[PDB]
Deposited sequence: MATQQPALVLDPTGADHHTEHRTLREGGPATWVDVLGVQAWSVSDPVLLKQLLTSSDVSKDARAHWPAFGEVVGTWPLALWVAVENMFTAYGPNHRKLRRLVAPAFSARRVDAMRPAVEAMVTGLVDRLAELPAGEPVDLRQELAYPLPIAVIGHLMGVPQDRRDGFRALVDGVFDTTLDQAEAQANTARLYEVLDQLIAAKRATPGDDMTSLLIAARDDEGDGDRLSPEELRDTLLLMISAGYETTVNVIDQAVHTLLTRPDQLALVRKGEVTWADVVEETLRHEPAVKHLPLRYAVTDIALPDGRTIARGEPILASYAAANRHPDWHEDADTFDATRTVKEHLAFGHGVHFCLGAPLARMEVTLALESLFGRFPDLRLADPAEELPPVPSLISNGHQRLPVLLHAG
């Protein structure tokens, strides 16, 4: 099996290495072997087939053995829509879906714009001439403010999730370290639940608690909250990171926006295709034997790893796929998945990034990297795709 680098040191080379194996390749993900699939046609078929599942408990025979030794166990051990199959998935997703409907996201625009303006205004107060780490001053705080408002996370409890959600995506942690991070996360989650139970509000956390106190099990409640909070605290940060970094390293693209040839939305869509926030998605399983394009077989019970980043650059899908081009007529990508599990937060994330870009470049037209010659290393993760820091000069 091809061993995927847990430190995510060079994902671009990784894309090529994986695609070198054809539509699918047997790989090793921190000790677990699975079929990495990067052919978008095949991936879309697998993602819409009744023969593929995200329910490890029901469809992965090795689950019982893996759960105690795999550092990424939390990704497949939770009990929420992320690990549900069929009717159970429809049920667990429908409970949260309402908060992310088209009408709801549109209704949140004013609040999100205000949050964006506040963070950008703050940047404007920073000492002129001194470098600013945009990842820490804008990319990270915006998604947190949005999810906090939507989920109803008390202000005094927001910082507590930061290091823990980071741990969820830290694929360099060993089993013991991952287990400790997970325990700490459930602890702050239980505390949040207790606080919201005592003082409910007009938010999703309160609605979920209400559903559990009515069905919804104790595990489904905390695990659904874990999913929603983690999704809001990480991932979007990387899209903002990548979009800004691209515009600062590819001036022609920013000029296209200023000329009115492409929109901020177009830039976000190309960023999602070219440098998606989630490179690989653990994990799926074959409910029955599945034939691969080369005659090989994904045996019943074997894992399937959706390799979205590599797939978004597949040469039969997009021409000159490795080049960032916001003018592309065909903008489809798999950054949010495909099918019933399609990212529930997609519309909100898209709005967050488009608004952030507009406000940021609108306020600082001379924004630029603090040091273009400085190499910005990637976040140490096989899953998350972002820079450890994004040093810029506002004026």
Residue ranges with no C-alpha coordinates, please: along the deposited sequence, counted from 1, in order. 1-6, 221-225, 407-408
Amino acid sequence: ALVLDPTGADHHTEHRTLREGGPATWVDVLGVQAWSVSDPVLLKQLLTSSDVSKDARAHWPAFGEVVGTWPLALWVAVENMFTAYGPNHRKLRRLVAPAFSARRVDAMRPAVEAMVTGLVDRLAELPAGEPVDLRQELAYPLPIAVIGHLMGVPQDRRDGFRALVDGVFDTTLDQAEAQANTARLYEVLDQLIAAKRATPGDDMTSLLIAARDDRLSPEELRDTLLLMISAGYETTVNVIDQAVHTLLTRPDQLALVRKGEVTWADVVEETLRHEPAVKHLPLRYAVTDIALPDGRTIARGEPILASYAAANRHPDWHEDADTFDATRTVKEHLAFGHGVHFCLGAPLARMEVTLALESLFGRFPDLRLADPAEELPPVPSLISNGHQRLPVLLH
From here on, numbers count along this sequence of modelled residues.
I need to verify one thing: averaged over C-alpha atoms only, is the B-factor higher for 263-271 or for 148-156? 148-156
For the C-alpha atoms alone, is the average B factor greater in 331-339 or in 355-363, going by the entry? 355-363
Peak C-alpha temperature factor (PDB record), options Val168, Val78, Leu225, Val120: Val120
Selection by C-alpha B-factor (highest) of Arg284, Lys91, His280, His314: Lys91
Would you check the entry's CA temperature factor for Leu376 and let me know if it's in the chain's lowest, middle or highest third? highest
Chain thirds by Cα B factor, record data; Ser49 belongs to the middle
By its CA B factor, does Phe324 count among the lowest, middle or highest third of the modelled residues in the chain? middle
In terms of the chain's CA B-factor thirds, is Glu187 lowest, middle or highest? middle
Where does the C-alpha B-factor of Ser206 rank in its chain, lowest, middle or highest third? middle
